[PDB]
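Undergrad: This is the content of work14.txt (compact mmCIF, C-alpha atoms):
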# COMPACT_ATOMS: atom_id res chain seq x y z
CA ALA D 1 -46.29 -98.44 -50.17
CA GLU D 2 -44.85 -101.35 -48.18
CA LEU D 3 -42.09 -100.63 -45.71
CA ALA D 4 -39.86 -102.89 -47.81
CA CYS D 5 -39.92 -100.30 -50.61
CA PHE D 6 -37.55 -98.17 -48.46
CA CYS D 7 -35.18 -100.38 -46.59
CA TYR D 8 -34.00 -103.91 -46.00
CA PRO D 9 -33.21 -105.81 -42.77
CA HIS D 10 -29.82 -106.83 -41.62
CA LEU D 11 -29.29 -109.38 -38.84
CA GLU D 12 -26.23 -107.57 -37.39
CA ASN D 13 -25.04 -107.38 -33.75
CA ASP D 14 -27.34 -110.39 -32.96
CA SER D 15 -30.54 -108.48 -34.00
CA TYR D 16 -32.17 -106.58 -36.95
CA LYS D 17 -31.03 -103.22 -38.34
CA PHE D 18 -32.61 -101.39 -41.18
CA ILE D 19 -30.52 -99.95 -43.98
CA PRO D 20 -31.95 -97.51 -46.58
CA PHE D 21 -31.98 -98.16 -50.35
CA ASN D 22 -29.75 -96.46 -52.89
CA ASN D 23 -32.05 -94.89 -55.46
CA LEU D 24 -29.80 -96.38 -58.18
CA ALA D 25 -29.86 -99.95 -56.83
CA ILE D 26 -33.68 -99.70 -57.20
CA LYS D 27 -33.23 -98.08 -60.63
CA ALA D 28 -31.01 -101.02 -61.62
CA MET D 29 -33.45 -103.64 -60.36
CA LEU D 30 -36.25 -102.11 -62.41
CA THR D 31 -34.37 -103.21 -65.59
CA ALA D 32 -33.55 -106.70 -64.36
CA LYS D 33 -34.90 -110.01 -65.73
CA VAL D 34 -35.40 -112.16 -62.65
CA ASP D 35 -36.64 -115.69 -61.92
CA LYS D 36 -40.31 -116.08 -60.86
CA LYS D 37 -38.94 -117.83 -57.78
CA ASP D 38 -36.95 -114.80 -56.48
CA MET D 39 -39.51 -112.03 -57.24
CA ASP D 40 -39.98 -111.59 -53.47
CA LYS D 41 -36.21 -111.72 -52.74
CA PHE D 42 -33.97 -108.70 -52.11
CA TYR D 43 -32.25 -107.67 -55.43
CA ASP D 44 -28.45 -107.09 -55.95
CA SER D 45 -27.20 -104.62 -58.63
CA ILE D 46 -23.58 -105.16 -57.99
CA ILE D 47 -22.73 -101.45 -58.42
CA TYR D 48 -25.22 -99.72 -56.03
CA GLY D 49 -25.76 -102.27 -53.21
CA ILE D 50 -29.02 -104.00 -52.27
CA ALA D 51 -32.43 -103.22 -53.86
CA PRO D 52 -36.08 -104.12 -52.98
CA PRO D 53 -37.67 -107.41 -54.30
CA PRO D 54 -38.64 -106.90 -57.97
CA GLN D 55 -42.27 -107.46 -57.10
CA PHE D 56 -42.55 -103.98 -55.80
CA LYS D 57 -41.92 -102.97 -59.43
CA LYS D 58 -45.11 -100.95 -59.78
CA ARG D 59 -44.70 -99.01 -56.52
CA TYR D 60 -41.95 -97.12 -58.33
CA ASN D 61 -42.58 -94.37 -60.87
CA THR D 62 -40.78 -95.23 -64.10
CA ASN D 63 -40.99 -94.37 -67.77
CA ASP D 64 -44.21 -96.36 -68.12
CA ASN D 65 -45.42 -95.84 -64.54
CA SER D 66 -46.80 -92.46 -63.42
CA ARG D 67 -48.75 -94.13 -60.64
CA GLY D 68 -45.90 -94.88 -58.19
CA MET D 69 -43.35 -92.84 -56.23
CA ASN D 70 -40.48 -90.53 -57.30
CA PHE D 71 -37.68 -92.59 -55.68
CA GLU D 72 -34.95 -90.57 -57.37
CA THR D 73 -35.65 -87.32 -55.36
CA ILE D 74 -33.94 -86.12 -52.15
CA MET D 75 -37.26 -86.76 -50.50
CA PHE D 76 -36.85 -90.45 -51.04
CA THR D 77 -33.77 -90.92 -48.78
CA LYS D 78 -35.13 -88.55 -46.16
CA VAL D 79 -38.27 -90.67 -45.74
CA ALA D 80 -36.17 -93.80 -45.85
CA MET D 81 -33.89 -92.79 -42.96
CA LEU D 82 -36.99 -91.51 -41.17
CA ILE D 83 -38.42 -95.01 -41.35
CA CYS D 84 -35.02 -96.45 -40.61
CA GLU D 85 -34.36 -94.58 -37.40
CA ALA D 86 -37.85 -95.61 -36.17
CA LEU D 87 -37.61 -99.32 -36.91
CA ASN D 88 -34.10 -99.54 -35.47
CA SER D 89 -35.57 -98.07 -32.31
CA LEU D 90 -37.66 -101.23 -32.04
CA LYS D 91 -35.80 -104.46 -31.63
CA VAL D 92 -37.56 -106.51 -34.35
CA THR D 93 -37.81 -110.34 -34.33
CA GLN D 94 -37.51 -112.95 -37.06
CA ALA D 95 -41.18 -113.46 -36.18
CA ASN D 96 -42.10 -109.93 -37.32
CA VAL D 97 -39.58 -108.78 -39.94
CA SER D 98 -41.97 -109.91 -42.72
CA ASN D 99 -45.20 -108.18 -41.63
CA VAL D 100 -43.25 -105.15 -40.43
CA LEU D 101 -41.75 -104.72 -43.90
CA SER D 102 -44.89 -105.68 -45.84
CA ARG D 103 -46.80 -103.16 -43.70
CA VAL D 104 -48.78 -100.93 -46.15
CA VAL D 105 -48.11 -97.29 -45.11
CA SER D 106 -48.65 -93.64 -46.19
CA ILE D 107 -45.74 -92.13 -48.05
CA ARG D 108 -47.44 -88.68 -47.73
CA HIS D 109 -47.97 -88.89 -43.97
CA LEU D 110 -44.25 -89.69 -43.72
CA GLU D 111 -43.10 -86.85 -46.04
CA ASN D 112 -45.05 -84.41 -43.83
CA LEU D 113 -43.20 -85.73 -40.78
CA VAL D 114 -39.93 -85.17 -42.68
CA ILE D 115 -40.94 -81.58 -43.27
CA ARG D 116 -41.80 -81.30 -39.56
CA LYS D 117 -38.60 -82.90 -38.15
CA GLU D 118 -36.52 -80.47 -40.27
CA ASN D 119 -38.11 -77.03 -39.72
CA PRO D 120 -36.48 -75.61 -36.55
CA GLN D 121 -39.67 -74.02 -35.21
CA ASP D 122 -41.26 -77.49 -34.67
CA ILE D 123 -40.57 -79.39 -31.43
CA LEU D 124 -40.01 -82.46 -33.58
CA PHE D 125 -36.78 -80.81 -34.69
CA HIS D 126 -35.87 -80.62 -30.99
CA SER D 127 -37.48 -83.62 -29.26
CA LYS D 128 -36.22 -86.81 -31.01
CA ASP D 129 -38.35 -88.73 -28.47
CA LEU D 130 -41.43 -87.03 -29.97
CA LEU D 131 -40.23 -87.53 -33.49
CA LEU D 132 -39.96 -91.33 -33.11
CA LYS D 133 -43.45 -91.57 -31.59
CA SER D 134 -44.94 -89.62 -34.57
CA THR D 135 -43.10 -91.90 -36.97
CA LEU D 136 -43.90 -95.18 -35.14
CA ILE D 137 -47.63 -94.34 -35.35
CA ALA D 138 -47.73 -93.35 -39.00
CA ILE D 139 -45.84 -96.53 -39.47
CA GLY D 140 -48.39 -98.40 -37.26
CA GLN D 141 -46.16 -99.79 -34.54
CA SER D 142 -47.44 -98.03 -31.43
CA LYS D 143 -50.45 -98.49 -29.13
CA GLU D 144 -50.91 -94.71 -29.18
CA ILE D 145 -52.95 -92.55 -31.55
CA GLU D 146 -52.30 -89.33 -33.45
CA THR D 147 -52.73 -86.36 -31.14
CA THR D 148 -51.97 -82.84 -32.44
CA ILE D 149 -48.56 -82.97 -30.82
CA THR D 150 -47.78 -86.05 -33.04
CA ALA D 151 -49.60 -85.07 -36.22
CA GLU D 152 -48.50 -85.50 -39.80
CA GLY D 153 -48.65 -81.72 -40.29
CA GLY D 154 -49.27 -79.15 -43.05
CA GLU D 155 -50.48 -75.58 -42.28
CA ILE D 156 -52.49 -75.06 -39.09
CA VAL D 157 -55.45 -73.02 -40.40
CA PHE D 158 -57.33 -72.99 -37.06
CA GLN D 159 -56.41 -73.82 -33.52
CA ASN D 160 -58.76 -74.35 -30.69
CA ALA D 161 -58.45 -75.15 -26.95
CA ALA D 162 -58.90 -78.84 -27.74
CA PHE D 163 -58.31 -79.11 -31.52
CA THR D 164 -55.75 -78.06 -34.16
CA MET D 165 -56.79 -78.00 -37.79
CA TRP D 166 -54.17 -78.78 -40.50
CA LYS D 167 -54.33 -77.96 -44.21
CA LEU D 168 -52.86 -80.92 -46.07
CA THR D 169 -50.29 -79.68 -48.55
CA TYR D 170 -50.24 -82.66 -50.92
CA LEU D 171 -49.88 -80.75 -54.32
CA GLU D 172 -46.42 -79.48 -53.60
CA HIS D 173 -45.09 -82.77 -52.21
CA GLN D 174 -41.90 -84.23 -53.69
CA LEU D 175 -41.87 -88.05 -52.99
CA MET D 176 -45.50 -88.74 -53.84
CA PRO D 177 -47.54 -85.57 -54.61
CA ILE D 178 -51.30 -85.54 -55.22
CA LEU D 179 -51.55 -85.50 -59.01
CA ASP D 180 -55.12 -84.11 -59.01
CA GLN D 181 -55.06 -80.30 -58.98
CA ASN D 182 -58.43 -79.49 -57.36
CA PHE D 183 -57.35 -81.32 -54.33
CA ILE D 184 -58.13 -79.71 -50.98
CA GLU D 185 -58.19 -81.58 -47.69
CA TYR D 186 -57.66 -80.84 -44.02
CA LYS D 187 -57.52 -82.99 -40.98
CA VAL D 188 -58.37 -82.08 -37.41
CA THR D 189 -56.24 -83.65 -34.67
CA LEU D 190 -57.38 -83.65 -31.00
CA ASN D 191 -55.01 -81.70 -28.82
CA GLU D 192 -55.26 -84.48 -26.18
CA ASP D 193 -57.03 -87.88 -26.03
CA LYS D 194 -59.31 -86.69 -23.15
CA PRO D 195 -63.08 -85.62 -22.88
CA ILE D 196 -64.08 -82.39 -24.65
CA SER D 197 -66.35 -79.62 -23.31
CA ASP D 198 -69.45 -78.38 -25.18
CA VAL D 199 -67.75 -74.94 -25.36
CA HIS D 200 -64.80 -76.37 -27.34
CA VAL D 201 -66.96 -78.77 -29.38
CA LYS D 202 -69.44 -76.08 -30.42
CA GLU D 203 -66.49 -73.71 -31.25
CA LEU D 204 -64.92 -76.28 -33.56
CA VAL D 205 -68.33 -76.89 -35.15
CA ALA D 206 -68.99 -73.14 -35.50
CA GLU D 207 -65.60 -72.88 -37.31
CA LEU D 208 -66.33 -75.82 -39.58
CA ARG D 209 -69.66 -74.31 -40.72
CA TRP D 210 -68.74 -70.67 -41.35
CA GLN D 211 -65.28 -71.19 -42.74
CA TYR D 212 -65.45 -74.65 -44.35
CA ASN D 213 -69.16 -74.96 -45.08
CA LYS D 214 -68.43 -76.69 -48.38
CA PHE D 215 -66.59 -79.65 -46.75
CA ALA D 216 -67.71 -83.12 -45.60
CA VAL D 217 -66.70 -83.93 -42.05
CA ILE D 218 -65.44 -87.51 -42.17
CA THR D 219 -63.13 -89.92 -40.28
CA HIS D 220 -61.05 -93.00 -41.28
CA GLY D 221 -61.48 -94.39 -37.76
CA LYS D 222 -58.45 -93.21 -35.90
CA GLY D 223 -58.51 -90.30 -33.43
CA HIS D 224 -59.30 -87.46 -35.88
CA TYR D 225 -61.50 -86.06 -38.64
CA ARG D 226 -60.35 -85.63 -42.21
CA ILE D 227 -62.15 -82.69 -43.77
CA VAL D 228 -62.94 -83.65 -47.35
CA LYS D 229 -64.97 -81.85 -50.05
CA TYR D 230 -68.27 -83.53 -50.90
CA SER D 231 -67.15 -85.08 -54.14
CA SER D 232 -64.65 -87.40 -52.43
CA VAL D 233 -66.72 -89.07 -49.66
CA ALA D 234 -67.28 -91.69 -52.39
CA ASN D 235 -63.69 -92.89 -52.85
CA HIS D 236 -63.37 -92.46 -49.12
CA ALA D 237 -66.28 -94.87 -48.52
CA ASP D 238 -64.81 -97.65 -50.62
CA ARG D 239 -61.31 -97.40 -49.13
CA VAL D 240 -62.60 -97.38 -45.56
CA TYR D 241 -64.66 -100.51 -46.32
CA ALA D 242 -61.70 -102.37 -47.87
CA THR D 243 -59.56 -101.96 -44.72
CA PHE D 244 -62.47 -103.22 -42.63
CA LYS D 245 -62.62 -105.90 -45.34
CA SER D 246 -59.19 -107.09 -44.09
CA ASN D 247 -60.81 -107.89 -40.77
CA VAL D 248 -61.00 -111.32 -42.38
CA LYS D 249 -57.44 -111.27 -41.00
CA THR D 250 -57.16 -110.94 -37.15
CA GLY D 251 -54.27 -108.90 -35.68
CA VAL D 252 -55.87 -105.99 -37.50
CA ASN D 253 -57.56 -104.91 -34.27
CA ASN D 254 -60.26 -102.88 -36.11
CA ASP D 255 -61.16 -100.36 -33.36
CA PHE D 256 -63.05 -97.99 -35.56
CA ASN D 257 -63.32 -94.84 -33.42
CA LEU D 258 -66.46 -93.42 -34.95
CA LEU D 259 -65.92 -90.08 -33.22
CA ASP D 260 -68.34 -87.52 -31.65
CA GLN D 261 -71.61 -87.57 -33.55
CA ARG D 262 -71.66 -83.80 -32.95
CA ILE D 263 -68.81 -83.06 -35.37
CA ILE D 264 -69.08 -85.99 -37.81
CA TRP D 265 -71.39 -85.34 -40.72
CA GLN D 266 -74.67 -87.17 -40.14
CA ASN D 267 -74.50 -89.48 -43.22
CA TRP D 268 -70.95 -90.55 -42.42
CA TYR D 269 -72.15 -91.42 -38.93
CA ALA D 270 -74.96 -93.43 -40.48
CA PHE D 271 -72.64 -95.15 -43.00
CA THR D 272 -69.88 -95.90 -40.49
CA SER D 273 -72.45 -97.15 -37.98
CA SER D 274 -73.63 -99.97 -40.26
CA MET D 275 -70.18 -101.16 -41.34
CA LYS D 276 -68.58 -101.15 -37.84
CA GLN D 277 -71.57 -103.31 -36.89
CA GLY D 278 -71.34 -106.09 -39.42
CA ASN D 279 -73.55 -104.84 -42.27
CA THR D 280 -73.03 -105.45 -45.98
CA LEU D 281 -71.69 -103.03 -48.63
CA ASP D 282 -74.98 -101.73 -50.00
CA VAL D 283 -77.16 -101.19 -46.90
CA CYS D 284 -74.15 -99.08 -45.79
CA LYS D 285 -73.65 -97.17 -49.08
CA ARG D 286 -77.39 -96.30 -49.19
CA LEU D 287 -77.23 -94.57 -45.76
CA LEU D 288 -74.77 -92.08 -47.19
CA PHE D 289 -76.87 -90.57 -50.04
CA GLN D 290 -80.40 -90.78 -48.58
Using structure tokens, write down the structure that the file contains.

TA:
Amino acid sequence: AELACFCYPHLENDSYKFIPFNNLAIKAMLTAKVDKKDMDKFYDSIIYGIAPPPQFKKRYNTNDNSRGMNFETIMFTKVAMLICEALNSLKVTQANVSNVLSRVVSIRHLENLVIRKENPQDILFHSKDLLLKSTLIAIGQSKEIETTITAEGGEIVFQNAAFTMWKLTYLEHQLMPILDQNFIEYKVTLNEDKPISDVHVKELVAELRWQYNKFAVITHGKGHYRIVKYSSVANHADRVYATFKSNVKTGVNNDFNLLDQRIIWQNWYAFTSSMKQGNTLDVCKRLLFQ
């Protein structure tokens, strides 16, 4: 969803502060008949304060929408203040307020950061500094990339000298849980950004092949491998293309870190090679199944 599904600006104290939405304001807006002209304008149930613009109607699970988010749950507010603390840590301009709020993000990445910030054993719980950084990134407002120390989370099912492997817990999620029940996915963050020895690299690869032999080793182009089962590489291919599709829109500095050919599954390396290098849909797609 867009950042504007969760909060709304407020030019107060001579700059912009972000206030979270009352799940009932939203709920009120969802029943409103509004003018075509204000569909992108912040809604006002008079009872429950401000709501998001009624265009984000489908991003919210309703009676006739199972495809959106569960905005009524405790999880909702938690995420919303998460985002709110982060944005308010930036001082955002009139210039940016629109793209910042229209910024398409991962609910699920954010819910996992909630779960991290809150469990006392995690440093996130203790270092606010670190928390912000993890949020700013998942929100796409930092130069930096996801290291292990700043990772979305889940259960570490393997830890290395230069990797940490997370099991993604998306079935049990509360704000926007994975509705498919087969689902199994892991991601592998790099402990640091630095160069990685053949000892470490081979170890990781040894792990991946004994333990997770049934899994495709892929990447979405940031600093880390998602570890998907072989039946998903498909949906994964199309999605990764579409975001490189919006290169036809500069400011999306499309640094596709096609990581170490040693870990990345060979066909993904083939596929990603073509696309990152200007090729069309089909000469890319064909590399993947050959």

Undergrad: Skip residue 177 in chain D itself and residues of its chain fewer than 4 positions away, then list as a ChimeraX atom specification all residues within 12 Å of it, counting all atoms listed in the file.

TA: /D:61,66-70,75,106-109,111-112,168-173,181,183

Undergrad: Counting all atoms listed in the file, which residue out of D:6, D:42, D:16, D:60 sits closest to residue 79 in chain D?

TA: D:6

Undergrad: For a test of reading the model, state the distance in Å between CA of residue 133 in chain D and CA of residue 190 in chain D, rounded to one decimal.

TA: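 Going from CA of residue 133 in chain D over to CA of residue 190 in chain D, I get 16.0 Å.
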
Undergrad: Restricting the calculation to only C-alpha atoms: of D:265, D:62, D:194, D:255, which residue gets closest to residue 214 in chain D?

TA: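 With only C-alpha atoms as the atom set, the closest residue is D:265.
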
Undergrad: In Å, with one decimal, what is the gap from CA of residue 29 in chain D to CA of residue 8 in chain D?

TA: 14.4 Å

Undergrad: Pick the closest to residue 260 in chain D from D:218, D:28, D:248, D:240: which is it, counting all atoms listed in the file?

TA: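 The answer is D:218, which sits nearest to residue 260 in chain D.
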
Undergrad: Please determine, counting all atoms listed in the file, which residue among D:225, D:163, D:244, D:271 has the shortest atom-to-atom distance to residue 191 in chain D.

TA: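 Ranking D:225, D:163, D:244, D:271 by distance to residue 191 in chain D, first place goes to D:163.
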
Undergrad: Using all atoms listed in the file, which residues sit within 10 Å of residue 149 in chain D once same-chain residues fewer than 2 positions away are excluded, as number ranges by chain?

TA: D: 122-124, 130-131, 134, 146-147, 151-153, 164, 189-192

Undergrad: Between CA of residue 65 in chain D and CA of residue 33 in chain D, what is the distance, to one decimal in Å?

TA: 17.7 Å

Undergrad: Return the single residue from D:9, D:20, D:140, D:49 that is closest to residue 78 in chain D, with distances computed using only C-alpha atoms.

TA: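 Checking each candidate against residue 78 in chain D, we get D:20 as the closest.
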